[PDB]
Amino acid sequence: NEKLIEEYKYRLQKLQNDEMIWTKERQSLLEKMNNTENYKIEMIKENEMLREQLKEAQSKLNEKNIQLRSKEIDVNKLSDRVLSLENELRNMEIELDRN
């Protein structure tokens, strides 16, 4: 049965050679799956950084609007003062020409 045993050993050798091939290409897929995952983690890390910067940008956006309405009241208070002083300046100028 020398020929029969040889045929078995030749086909066992081929499949045991393929055992290494499957192990090689699964290592390659594991390496590729890790790279895709590590890039995904990097994207999420940047997304959390962008979310925090967006929260800060909206926090300053609100604070500037509080500062804008504060200066708007300052405009309103001074403009009312300007008109009041101009009316008083008019009154003195009327009293001056009277004398």
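All residue numbers refer to positions in the sequence shown, first residue = 1.
Peer 1: Quick check on the record: does 64-72 or 40-48 carry the larger mean Cα temperature factor?
Peer 2: Averaged over C-alpha atoms, the B-factors run higher in 64-72.
Peer 1: Compared with the other modelled residues in the chain, in which third is the CA B-factor of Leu85?
Peer 2: Middle third by C-alpha B-factor.
Peer 1: Please rank the C-alpha B-factors of the chain's modelled residues and tell me whether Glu6 sits in the lowest, middle or highest third.
Peer 2: Lowest third.
Peer 1: Would the CA B-factor of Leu12 place it in the lowest, middle or highest third of its chain?
Peer 2: It belongs to the lowest third of the chain when residues are ordered by C-alpha B-factor.
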